[PDB]
Structure formats: structure tokens, C-alpha cells
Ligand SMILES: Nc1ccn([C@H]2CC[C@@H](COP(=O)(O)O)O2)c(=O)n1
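In C-alpha cells, the next block holds one chain alone, the form deposited without the ligand.
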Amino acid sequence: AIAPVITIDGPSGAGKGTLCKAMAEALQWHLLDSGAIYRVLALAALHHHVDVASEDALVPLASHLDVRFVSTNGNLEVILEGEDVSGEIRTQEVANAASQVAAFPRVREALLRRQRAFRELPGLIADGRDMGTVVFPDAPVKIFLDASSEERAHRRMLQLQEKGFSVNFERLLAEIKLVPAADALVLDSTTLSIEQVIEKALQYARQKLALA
């Protein structure tokens, strides 16, 4: 501890990514995207020819993972060993290798330690599913972002469109149809606009970490 950490947990498509980036840029703090972490490990393995099925080989790789996340104008750059790999990480191939890598207990443990090492001054914004419950249970500010099925389905639709696939909203609404920390601030992405969620998250963080 010592360096402040703001955790953002919630289901897929709730807007965590957007909130996380906006907060990291507003406060100019470090950023950690746990969801992308496994894909980056998987890509490093493929790049270095580390056997995706060998737990023993994957652990050292995970423990020394050279990754950093940078957000500019809401655009996320994933720098693995000096090069931006944001595009590579979005492929199904990497997504599949990420599932293989994530299956091993010792690999998940090593990645747990590696994620905790992102906590440095002036601060860290971290988003995922268990950031405030498992990774940083002592985080001074914890936020749980919830959203309606429609909001989540719409966000998913736009995310796929980007990869080139345009899919029926009704189909996705069906496709989509995680415990908040006891000390988390609960924010609903559907009662408030995303701009309002960011405002309210920043105000809460300020009352807890600064102001006066």
C-alpha cells in the first residue's frame, strides 16, 4: 500500500474501460487493465516461443512481464516490451492462447503478483472483475459499475463492429442475458450517462483522496 489505488470492477460492457481511461487521464495516474493482462502474457509467449502448455515455462514469463498501458484521448495503447500490440491482442488467436495460459494455478498466481506490482506513485487506476476483492482488497477507493442488459449489449455490438462484425442487437441481447466489495461505491451506468458516471467517480475519489 501507500500509493493510492482506485479499483473499478463490474460486468462486461458496463463501461469500465471508458471510465478507467478517463480517470487515468484526468488524474494522470498509472493504468492497469487486468482483462488485457492475460492476452498480453499469451502474446509474449507466442512471440518468445514459450510453450503455451508448460506451466513451468510460463511462470517466469508472467512474473517478469514487461507491459504498460497508456491512454491518450481515450485511446488505449498496450506496450509489450517497447512495442504497441493493442491490435494483436484483439485477435481470437491470442484470446484462445490466453484461455490456455489462464488455466494454470501457478500462472494465475504469478500474474497476481505482477499486477500488484503496478501499484506505484502517484497512483493506479485498475479495472477488471476482482480488483477490489482479490487483487487490491485494501484499495482506498473501490467502484463497482453496473449496467442494464441493453446498455451492455449495445456496448458489445459496437465492440464487435470494430473488428468488422456487425451483429443483430436482438441476438446480442440474448447472448448476454463477480461480487462487489463490501466497501465499494456502486454506480449504475444506465440511470446516469457515462459522462455523469465519470463525474461522480472523480468526485468520490476526490472526497476520499484530496479536497479541502
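Throughout, we count residues from 1 along the sequence that is shown. Throughout, rigid core stands for the largest set of C-alpha atoms superposing within 1.5 Å between the two forms.
**Q** From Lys177 on to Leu178, does the model leave out none, 1 to 3, 4 to 9, or 10 or more residues of the deposited sequence?
**A** 10 or more residues are missing.
**Q** Looking at the entry, does 132-140 or 68-76 show the higher mean C-alpha B-factor?
**A** Higher mean C-alpha B-factor in the PDB entry: 68-76.
**Q** Which of the two stretches, 162-170 or 42-50, shows the higher mean Cα temperature factor in the record?
**A** Going by the record's values, the stretch with the higher mean is 162-170.
**Q** So if I compare the CA B-factors in the entry for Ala205, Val5, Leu211, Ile8, which one is the largest?
**A** So the option with the highest C-alpha B-factor is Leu211.
**Q** Report the third (lowest, middle or highest) to which the CA temperature factor of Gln92 belongs, ranking only the modelled residues of the same chain.
**A** For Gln92, the deposited C-alpha B-factor lands in the highest third.
**Q** Going by the recorded CA B-factors, say which third of the chain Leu19 sits in, lowest, middle or highest.
**A** According to the entry, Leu19 has a C-alpha B-factor in the chain's middle third.
**Q** Lowest, middle or highest third of the chain for the C-alpha temperature factor of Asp146?
**A** Top third by C-alpha B-factor.
**Q** Going by the entry, which third of its chain does the Cα temperature factor of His154 land in?
**A** Bottom third by C-alpha B-factor.
**Q** Sort the modelled residues of this chain by their C-alpha B factor and say whether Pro122 lands in the lowest, middle or highest third.
**A** It falls in the middle third of the chain.
Just so it is clear, the following notes concern the form solved in complex with the ligand, a form of the same protein that is not shown.
**Q** So, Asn75 and the ligand: in the deposited bound form, are they within 4.5 Å at any heavy atom pair?
**A** No, no contact at 4.5 Å.
**Q** Taking 4.5 angstroms as the cut-off for heavy atoms, does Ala102 touch the ligand in the deposited bound form?
**A** Residue-level check for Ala102: yes, a contact with the ligand.
**Q** Although the ligand is absent from this view, report whether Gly35 comes within 4.5 Å of it in the deposited bound form, heavy atoms only.
**A** Answer yes; at least one heavy atom of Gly35 falls within 4.5 Å of the ligand in the deposited bound form.
**Q** Is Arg90 close enough to the ligand in the deposited bound form to count, meaning some heavy atom within 4.5 Å?
**A** Within the cut-off, so yes.
**Q** Considering the ligand in the deposited bound form, find the one stretch among 141-149, 166-174, 37-45, 183-191 with heavy atoms no farther than 4.5 Å from it.
**A** Among the candidates, contact is made by 37-45.
**Q** Taking only shifts of 2 Å or more in Cα after a rigid core superposition between the shown form and the other one, tell me which of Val101, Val135, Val141, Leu124 qualifies.
**A** Only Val101 moves by 2 Å or more at its C-alpha.
**Q** Once the core is aligned, does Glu162 move its Cα by at least 2 Å between the shown form and the other one?
**A** The answer is yes; the displacement is at least 2 Å.
**Q** Does superposing the core leave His30 with a CA shift of 2 Å or more between the shown form and the other one?
**A** No; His30 is a residue whose C-alpha shifts by less than 2 Å between the shown form and the other one when the cores are overlaid.
**Q** Is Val186 one of the residues whose C-alpha moves 2 Å or more between the shown form and the other one after the core fit?
**A** The answer is no, as the C-alpha of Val186 shifts between the shown form and the other one by less than 2 Å after core alignment.
**Q** Your call: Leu31 and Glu81 CA atoms, closer or farther in the deposited bound form versus the shown structure, by 3 Å or more?
**A** Those two alpha carbons end up farther apart in the deposited bound form.
**Q** Closer or farther: how do the Cα atoms of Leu27 and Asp66 compare in the deposited bound form versus the shown form, where the change is at least 3 Å?
**A** Those two alpha carbons end up farther apart in the deposited bound form.
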